[PDB]
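Below is one structure, written out as structure tokens; the observations come after it.
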Amino acid sequence: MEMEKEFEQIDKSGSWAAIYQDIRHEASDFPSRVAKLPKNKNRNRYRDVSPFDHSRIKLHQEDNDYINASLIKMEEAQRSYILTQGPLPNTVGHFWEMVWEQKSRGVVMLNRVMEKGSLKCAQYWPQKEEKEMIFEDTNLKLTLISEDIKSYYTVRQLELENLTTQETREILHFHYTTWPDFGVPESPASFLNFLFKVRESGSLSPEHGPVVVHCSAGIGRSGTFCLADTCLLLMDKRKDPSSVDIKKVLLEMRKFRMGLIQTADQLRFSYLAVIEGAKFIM
Ligand SMILES: CC(=O)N1C[C@H](Oc2ccccn2)[C@H]2C[C@@H]1CC[C@H]2O
């Protein structure tokens with residue numbers, strides 16, 4: 001069955017809610033014992049969103065190695081992603097420590113700092129060249145180098161300095177700024193254009209550490225980004241592009257972080273994204 005006819009039949013049938021609940025029912029359940037330790041309560045944004053112990057990113061410190069972040073490793077596609085929550089006021093230094101230690105080239109942000117009149121993550125990068133940020137708890141300095149503001153996204157060049165060794169690296173910040181406060185975008189054209197801007201940068205390539213991807217919880221919009229990227233890469237690698245099963249790829253990804261794709265509308269949008277992508281990709 002051709003992906004876009006399961007979708008046209010799910011649409012003809014309006015069964016999106018039924019498909020989505022079948023995924024929720026078959027998803028992996030692994031322990032998250034480190035996330036639930038009392039010493040870590042102020043390191044979690046949402047009580048119901050935690051990294052599994054087996055796939056969690058460890059900070060390189062003896063004090064407390066915990067961050068709300070997971071390694072998604074896709075064996076057949078040969079892609080890895082780190083999915084994390086939007087940083088909290090007390091975890092902005094941990095966030096940049098992780099980017100440093102994992103050798104990431106890119107950070108992908110899919111939310112605004114304020115949405116629906118409430119704060120969805122800390123202001124964790126500098127807004128002016130001449131006002132740099134210092135994270136005293138992790139010994140890092142972060143400077144804004146340049147900013148390119150477009151209609152659907154902004155790309156920033158940042159300089160991260162390890163103050164312990166005086167090594168520096170260039171980090172690219174890819175900020176999708178137009179996801180609506182409610183629901184999903186009507187067309188996937190701008191999100192797809194955005195995905196191909198991150199690829200073109202080198203940030204997803206095996207010469208670097210994994211890309212860091214976040215939204216507010218790091219499971220819904222973040223899940224949509226990695227699911228569309230991996231499905232399109234599998235369609236380019238395999239003999240029969242029609243063999244790629246988006247529901248099976250999503251369940252593989254849910255072995256590494258809980259809750260990826262938060263709504264039936266995010267599942268339909270993911271299908272739409274890979275359909276138009278593949279209409280021009282095979
Ligand atoms: C319809 C559309 O605009 N798309 C954008 C994108 O194509 C590229 C490739 C390289 C550089 C820029 N855009 C994606 C998804 C979809 C179709 C083909 C697929 O590669």
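Please note that chains go A, B, ... in the order of the structure tokens, that every chain numbers its residues from 1, and that ligands are numbered from 1 in the order shown.
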Taking only C-alpha atoms and all ligand atoms into account, which residues are within 9 Å of ligand 1, as an MDAnalysis selection string?
chainID A and resid 188:197 199:200 232 273:282
Write the residues of the selection above to a file with N, CA and C atoms, as a compact mmCIF listing (two decimals), in the first residue's frame.
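New file again.txt:
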```
# COMPACT_ATOMS: atom_id res chain seq x y z
N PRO A 188 3.45 21.59 4.65
CA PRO A 188 4.77 21.24 5.18
C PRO A 188 5.91 21.89 4.39
N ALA A 189 5.60 22.75 3.42
CA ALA A 189 6.63 23.34 2.54
C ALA A 189 7.69 24.07 3.36
N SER A 190 7.32 24.93 4.31
CA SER A 190 8.34 25.73 5.03
C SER A 190 9.19 24.85 5.97
N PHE A 191 8.58 23.86 6.63
CA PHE A 191 9.28 22.93 7.56
C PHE A 191 10.30 22.11 6.76
N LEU A 192 9.90 21.65 5.57
CA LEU A 192 10.78 20.87 4.65
C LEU A 192 11.94 21.76 4.20
N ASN A 193 11.66 22.98 3.72
CA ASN A 193 12.73 23.94 3.35
C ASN A 193 13.71 24.05 4.52
N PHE A 194 13.20 24.16 5.75
CA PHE A 194 14.01 24.31 6.98
C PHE A 194 14.90 23.07 7.16
N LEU A 195 14.31 21.87 7.08
CA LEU A 195 15.08 20.60 7.26
C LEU A 195 16.28 20.61 6.31
N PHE A 196 16.07 21.01 5.06
CA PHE A 196 17.15 20.93 4.03
C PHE A 196 18.20 22.01 4.31
N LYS A 197 17.86 23.08 5.02
CA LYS A 197 18.86 24.10 5.45
C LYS A 197 19.79 23.50 6.50
N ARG A 199 20.53 20.21 6.91
CA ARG A 199 21.35 19.19 6.18
C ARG A 199 22.51 19.90 5.47
N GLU A 200 22.18 20.91 4.66
CA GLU A 200 23.15 21.66 3.81
C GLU A 200 24.29 22.21 4.66
N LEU A 232 12.88 10.07 4.86
CA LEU A 232 13.37 10.56 3.54
C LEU A 232 14.74 9.94 3.24
N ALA A 273 4.39 15.57 5.39
CA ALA A 273 5.77 16.06 5.19
C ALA A 273 6.56 15.06 4.33
N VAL A 274 6.51 13.77 4.67
CA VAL A 274 7.29 12.71 3.96
C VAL A 274 6.67 12.50 2.57
N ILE A 275 5.35 12.66 2.45
CA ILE A 275 4.63 12.49 1.14
C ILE A 275 5.11 13.56 0.16
N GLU A 276 5.05 14.85 0.52
CA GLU A 276 5.44 15.94 -0.42
C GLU A 276 6.96 15.85 -0.63
N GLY A 277 7.71 15.56 0.44
CA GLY A 277 9.16 15.33 0.36
C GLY A 277 9.48 14.28 -0.69
N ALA A 278 8.81 13.12 -0.62
CA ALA A 278 9.02 11.96 -1.51
C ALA A 278 8.43 12.24 -2.90
N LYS A 279 7.37 13.05 -2.98
CA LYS A 279 6.80 13.43 -4.29
C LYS A 279 7.96 14.01 -5.11
N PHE A 280 8.89 14.68 -4.42
CA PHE A 280 10.10 15.30 -5.02
C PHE A 280 11.35 14.59 -4.49
N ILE A 281 11.19 13.37 -3.93
CA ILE A 281 12.33 12.58 -3.36
C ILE A 281 12.02 11.07 -3.46
N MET A 282 12.92 10.29 -4.06
CA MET A 282 12.75 8.82 -4.24
C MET A 282 14.05 8.20 -4.78
```
Polymer residues at most 12 Å from residue 240 in chain A, only C-alpha atoms, same-chain spacing of 5 or more positions, as a compact mmCIF listing (two decimals) with C-alpha atoms, in the first residue's frame:
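out.txt, written as the output of this step:
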```txt
# COMPACT_ATOMS: atom_id res chain seq x y z
CA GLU A 2 1.52 3.37 -1.20
CA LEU A 234 15.62 5.54 3.95
CA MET A 235 13.65 6.31 0.71
CA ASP A 245 6.80 2.20 6.87
CA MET A 282 12.75 8.82 -4.24
```
Give me every strand (DSSP E) residue in range 67-252 of chain A, going by DSSP on the backbone, as a PyMOL selection string.
chain A and resi 69-74+79-84+106-109+114-115+118-119+133-135+140-149+153-162+167-176+211-214
Residue with the minimum atom-to-atom distance to residue 107 in chain A, picked from A:55, A:157, A:61, A:230 with only C-alpha atoms counted, is A:157
Find the residues near residue 47 in chain A: any atom within 12 Å, counting only C-alpha atoms, skip ones fewer than 3 places away on the same chain, and give them as a PDB file with N, CA and C atoms, in the first residue's frame.
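Output contents, as saved in selection-v3.pdb:
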```pdb
ATOM      1  N   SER A  32      13.154   4.715  33.696  1.00  0.00           N
ATOM      2  CA  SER A  32      13.734   6.090  33.807  1.00  0.00           C
ATOM      3  C   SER A  32      14.025   6.387  35.285  1.00  0.00           C
ATOM      4  N   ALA A  35      16.057   9.820  36.201  1.00  0.00           N
ATOM      5  CA  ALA A  35      15.208  11.029  35.982  1.00  0.00           C
ATOM      6  C   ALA A  35      14.354  11.282  37.233  1.00  0.00           C
ATOM      7  N   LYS A  36      13.929  10.208  37.923  1.00  0.00           N
ATOM      8  CA  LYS A  36      12.949  10.327  39.032  1.00  0.00           C
ATOM      9  C   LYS A  36      13.639  10.487  40.388  1.00  0.00           C
ATOM     10  N   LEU A  37      14.968  10.460  40.496  1.00  0.00           N
ATOM     11  CA  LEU A  37      15.683  10.688  41.791  1.00  0.00           C
ATOM     12  C   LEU A  37      15.300  12.083  42.319  1.00  0.00           C
ATOM     13  N   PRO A  38      15.069  12.232  43.645  1.00  0.00           N
ATOM     14  CA  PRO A  38      14.723  13.538  44.201  1.00  0.00           C
ATOM     15  C   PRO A  38      15.740  14.654  43.905  1.00  0.00           C
ATOM     16  N   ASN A  40      17.021  15.354  41.276  1.00  0.00           N
ATOM     17  CA  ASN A  40      16.927  15.783  39.853  1.00  0.00           C
ATOM     18  C   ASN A  40      15.597  16.481  39.577  1.00  0.00           C
ATOM     19  N   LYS A  41      14.779  16.781  40.606  1.00  0.00           N
ATOM     20  CA  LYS A  41      13.424  17.305  40.344  1.00  0.00           C
ATOM     21  C   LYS A  41      13.497  18.663  39.611  1.00  0.00           C
ATOM     22  N   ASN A  42      14.444  19.533  39.946  1.00  0.00           N
ATOM     23  CA  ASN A  42      14.520  20.864  39.291  1.00  0.00           C
ATOM     24  C   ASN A  42      15.274  20.792  37.950  1.00  0.00           C
ATOM     25  N   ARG A  43      15.608  19.597  37.462  1.00  0.00           N
ATOM     26  CA  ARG A  43      16.295  19.389  36.145  1.00  0.00           C
ATOM     27  C   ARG A  43      15.286  18.907  35.102  1.00  0.00           C
ATOM     28  N   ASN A  44      14.031  18.722  35.475  1.00  0.00           N
ATOM     29  CA  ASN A  44      12.942  18.256  34.585  1.00  0.00           C
ATOM     30  C   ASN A  44      11.852  19.314  34.434  1.00  0.00           C
ATOM     31  N   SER A  50      10.451  11.941  30.586  1.00  0.00           N
ATOM     32  CA  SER A  50      11.739  11.571  31.161  1.00  0.00           C
ATOM     33  C   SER A  50      12.522  10.734  30.147  1.00  0.00           C
ATOM     34  N   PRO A  51      13.851  10.866  30.120  1.00  0.00           N
ATOM     35  CA  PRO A  51      14.710  10.003  29.298  1.00  0.00           C
ATOM     36  C   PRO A  51      14.805   8.592  29.943  1.00  0.00           C
ATOM     37  N   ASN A  68      17.968  15.969  31.104  1.00  0.00           N
ATOM     38  CA  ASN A  68      16.791  15.450  30.381  1.00  0.00           C
ATOM     39  C   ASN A  68      17.066  15.478  28.862  1.00  0.00           C
ATOM     40  N   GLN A  85      14.679  18.536  26.192  1.00  0.00           N
ATOM     41  CA  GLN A  85      13.671  19.554  26.587  1.00  0.00           C
ATOM     42  C   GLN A  85      14.264  20.954  26.303  1.00  0.00           C
ATOM     43  N   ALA A 217       8.987  20.219  25.396  1.00  0.00           N
ATOM     44  CA  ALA A 217       9.212  18.889  26.048  1.00  0.00           C
ATOM     45  C   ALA A 217      10.265  18.035  25.332  1.00  0.00           C
TER      46      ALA A 217
END
```
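Taking CA of residue 262 in chain A and CA of residue 211 in chain A as endpoints, the distance between them is 21.2 Å.
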Could you list, as a ChimeraX atom specification, every residue within 10 Å of residue 259 in chain A, counting only C-alpha atoms and ignoring same-chain residues fewer than 4 positions away?
/A:23-24,27-28,48-50,217-220,223,253-254,263
Those same residues, written as a short mmCIF file (atom, residue, chain, number, x, y, z; two decimals), in the first residue's frame with N, CA and C atoms?
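Here's the written file part02.cif:
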```cif
data_model
loop_
_atom_site.label_atom_id
_atom_site.label_comp_id
_atom_site.auth_asym_id
_atom_site.auth_seq_id
_atom_site.Cartn_x
_atom_site.Cartn_y
_atom_site.Cartn_z
N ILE A 23 -0.29 3.09 18.02
CA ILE A 23 1.15 3.42 18.28
C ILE A 23 1.38 3.58 19.79
N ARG A 24 0.56 4.39 20.47
CA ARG A 24 0.71 4.61 21.92
C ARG A 24 0.69 3.26 22.65
N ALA A 27 4.04 1.04 21.97
CA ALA A 27 5.33 1.72 22.22
C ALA A 27 6.05 1.04 23.38
N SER A 28 7.37 1.07 23.33
CA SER A 28 8.30 0.58 24.37
C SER A 28 8.07 1.27 25.71
N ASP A 48 5.92 14.10 33.50
CA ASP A 48 5.53 12.93 32.68
C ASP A 48 6.45 12.74 31.45
N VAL A 49 7.56 13.50 31.31
CA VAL A 49 8.49 13.34 30.14
C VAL A 49 9.90 13.16 30.68
N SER A 50 10.45 11.94 30.59
CA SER A 50 11.74 11.57 31.16
C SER A 50 12.52 10.73 30.15
N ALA A 217 8.99 20.22 25.40
CA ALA A 217 9.21 18.89 26.05
C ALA A 217 10.27 18.04 25.33
N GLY A 218 10.60 18.36 24.09
CA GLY A 218 11.54 17.55 23.29
C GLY A 218 10.95 16.21 22.82
N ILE A 219 9.64 16.12 22.57
CA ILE A 219 9.02 14.87 22.03
C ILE A 219 8.08 15.11 20.87
N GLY A 220 7.40 16.26 20.77
CA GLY A 220 6.35 16.44 19.75
C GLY A 220 6.86 17.02 18.45
N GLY A 223 10.08 15.27 17.66
CA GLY A 223 9.79 13.95 17.04
C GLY A 223 9.48 14.05 15.55
N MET A 253 12.05 4.58 16.80
CA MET A 253 12.54 5.79 17.51
C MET A 253 12.06 5.83 18.99
N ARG A 254 10.84 5.35 19.26
CA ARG A 254 10.24 5.29 20.63
C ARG A 254 10.92 4.23 21.50
N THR A 263 0.33 14.03 19.24
CA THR A 263 -1.08 14.17 18.82
C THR A 263 -1.29 13.46 17.48
#
```
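Our summary of the geometry notes that CA of residue 83 in chain A is positioned 14.6 Å from CA of residue 46 in chain A.
You will find CA of residue 150 in chain A at 15.2 Å from CA of residue 172 in chain A.
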Counting only C-alpha atoms, the residue of A:270, A:222, A:118, A:111 that sits nearest residue 7 in chain A
A:270
Which residues, written as a short mmCIF file (atom, residue, chain, number, x, y, z; two decimals) with N, CA and C atoms, in the first residue's frame, have at least one atom at most 12 Å from residue 8 in chain A, with only C-alpha atoms counted and residues fewer than 6 positions away on the same chain left out?
```
data_model
loop_
_atom_site.label_atom_id
_atom_site.label_comp_id
_atom_site.auth_asym_id
_atom_site.auth_seq_id
_atom_site.Cartn_x
_atom_site.Cartn_y
_atom_site.Cartn_z
N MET A 1 0.86 -1.22 0.00
CA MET A 1 0.00 0.00 0.00
C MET A 1 0.89 1.26 0.00
N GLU A 2 0.73 2.11 -1.02
CA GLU A 2 1.52 3.37 -1.20
C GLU A 2 1.13 4.37 -0.10
N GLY A 14 -11.30 8.98 8.21
CA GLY A 14 -11.08 9.78 9.43
C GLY A 14 -10.66 8.91 10.61
N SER A 15 -9.64 8.07 10.45
CA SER A 15 -9.20 7.14 11.52
C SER A 15 -7.86 7.58 12.16
N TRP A 16 -7.46 8.85 12.04
CA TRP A 16 -6.14 9.31 12.57
C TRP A 16 -6.05 9.00 14.07
N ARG A 268 -0.40 12.95 11.34
CA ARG A 268 -0.83 13.28 9.95
C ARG A 268 0.16 14.24 9.28
N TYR A 271 3.28 12.38 8.09
CA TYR A 271 2.87 11.67 6.85
C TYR A 271 2.88 12.66 5.68
N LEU A 272 2.20 13.80 5.85
CA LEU A 272 2.13 14.85 4.79
C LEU A 272 3.55 15.25 4.40
N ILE A 275 5.35 12.66 2.45
CA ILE A 275 4.63 12.49 1.14
C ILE A 275 5.11 13.56 0.16
#
```
Find the spatial neighbours of residue 131 in chain A, counting only C-alpha atoms, within a cut-off of 12 Å - ignore same-chain residues fewer than 5 positions away - and output them as a ChimeraX atom specification.
/A:125-126,141-145
Can I get the selection written as a CSV table (one decimal), in the first residue's frame, with N, CA and C atoms?
```
chain,number,residue,atom,x,y,z
A,125,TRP,N,20.7,31.8,24.7
A,125,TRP,CA,21.7,32.3,23.8
A,125,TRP,C,21.7,33.8,23.8
A,126,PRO,N,22.9,34.5,23.5
A,126,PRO,CA,23.0,35.9,23.5
A,126,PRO,C,22.3,36.6,22.3
A,141,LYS,N,31.9,30.0,27.8
A,141,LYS,CA,31.5,31.3,27.3
A,141,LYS,C,30.9,31.2,25.9
A,142,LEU,N,29.8,31.9,25.7
A,142,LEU,CA,29.0,31.9,24.4
A,142,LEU,C,28.8,33.3,23.9
A,143,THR,N,29.2,33.5,22.6
A,143,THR,CA,29.2,34.8,21.9
A,143,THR,C,28.4,34.7,20.6
A,144,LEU,N,27.5,35.7,20.4
A,144,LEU,CA,26.7,35.8,19.1
A,144,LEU,C,27.7,36.3,18.0
A,145,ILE,N,27.9,35.6,17.0
A,145,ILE,CA,28.8,36.0,15.9
A,145,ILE,C,28.1,36.7,14.7
```
Within 12 Å of residue 119 in chain A, counting only C-alpha atoms, which residues show up once you throw out same-chain ones fewer than 2 positions away? Write them as a ChimeraX atom specification, please.
/A:45,86-89,111-117,121-123,215-216
I need the residues from that last selection saved to file as a short mmCIF file (atom, residue, chain, number, x, y, z; two decimals), in the first residue's frame (with N, CA, C and O atoms), if you can.
```
data_model
loop_
_atom_site.label_atom_id
_atom_site.label_comp_id
_atom_site.auth_asym_id
_atom_site.auth_seq_id
_atom_site.Cartn_x
_atom_site.Cartn_y
_atom_site.Cartn_z
N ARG A 45 11.47 19.60 33.21
CA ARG A 45 10.43 20.60 32.92
C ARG A 45 9.06 19.98 33.19
O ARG A 45 8.21 20.69 33.80
N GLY A 86 13.39 21.95 26.21
CA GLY A 86 13.86 23.33 26.27
C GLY A 86 14.57 23.57 27.61
O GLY A 86 14.07 23.26 28.70
N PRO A 87 15.77 24.18 27.61
CA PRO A 87 16.52 24.44 28.83
C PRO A 87 15.74 25.27 29.87
O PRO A 87 14.96 26.16 29.51
N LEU A 88 15.94 24.95 31.14
CA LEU A 88 15.35 25.63 32.31
C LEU A 88 16.38 26.63 32.84
O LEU A 88 17.59 26.53 32.63
N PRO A 89 15.94 27.60 33.69
CA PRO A 89 16.89 28.54 34.26
C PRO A 89 18.07 27.86 34.94
O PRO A 89 19.21 28.37 34.90
N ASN A 111 10.57 25.90 18.81
CA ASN A 111 9.58 26.68 19.61
C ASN A 111 10.05 28.13 19.73
O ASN A 111 11.20 28.43 19.46
N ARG A 112 9.11 29.01 20.16
CA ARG A 112 9.46 30.39 20.63
C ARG A 112 9.65 30.33 22.15
O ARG A 112 9.03 29.47 22.84
N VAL A 113 10.46 31.25 22.70
CA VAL A 113 10.71 31.40 24.14
C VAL A 113 9.38 31.63 24.88
O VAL A 113 9.17 30.98 25.93
N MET A 114 8.51 32.47 24.32
CA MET A 114 7.12 32.60 24.86
C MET A 114 6.09 32.10 23.83
O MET A 114 6.11 32.53 22.65
N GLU A 115 5.17 31.20 24.24
CA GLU A 115 4.02 30.82 23.37
C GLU A 115 2.78 30.75 24.30
O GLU A 115 2.89 30.34 25.48
N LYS A 116 1.63 31.10 23.76
CA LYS A 116 0.35 31.01 24.53
C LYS A 116 0.46 31.88 25.82
O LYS A 116 -0.06 31.47 26.86
N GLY A 117 1.26 32.94 25.78
CA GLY A 117 1.46 33.83 26.95
C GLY A 117 2.28 33.27 28.10
O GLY A 117 2.33 33.88 29.18
N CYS A 121 10.79 28.03 27.30
CA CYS A 121 12.20 27.70 27.60
C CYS A 121 12.96 28.99 27.92
O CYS A 121 12.39 30.05 27.71
N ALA A 122 14.09 28.84 28.58
CA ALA A 122 14.97 29.95 29.01
C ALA A 122 15.53 30.66 27.76
O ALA A 122 15.64 30.04 26.70
N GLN A 123 15.86 31.94 27.89
CA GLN A 123 16.62 32.68 26.85
C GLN A 123 18.07 32.23 26.99
O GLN A 123 18.82 32.86 27.75
N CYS A 215 12.23 21.24 21.51
CA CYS A 215 11.05 22.14 21.53
C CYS A 215 10.80 22.51 22.99
O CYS A 215 11.79 22.75 23.69
N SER A 216 9.57 22.45 23.52
CA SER A 216 9.41 22.64 24.98
C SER A 216 9.68 21.32 25.75
O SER A 216 10.59 21.33 26.60
#
```
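Minimum distance to residue 3 in chain A across A:246, A:67, A:72, A:204 (counting only C-alpha atoms) occurs at A:246.
Considering the residues A:132, A:92, A:17, A:138 and counting only C-alpha atoms, residue 60 in chain A has its shortest atom-to-atom contact with A:138.
When only C-alpha atoms are used to measure the gap to residue 57 in chain A, the shortest distance among A:212, A:226, A:109, A:134 belongs to A:212.
The residue that comes closest to residue 227 in chain A, out of A:156, A:248, A:175, A:12 and on the basis of only C-alpha atoms, is A:248.
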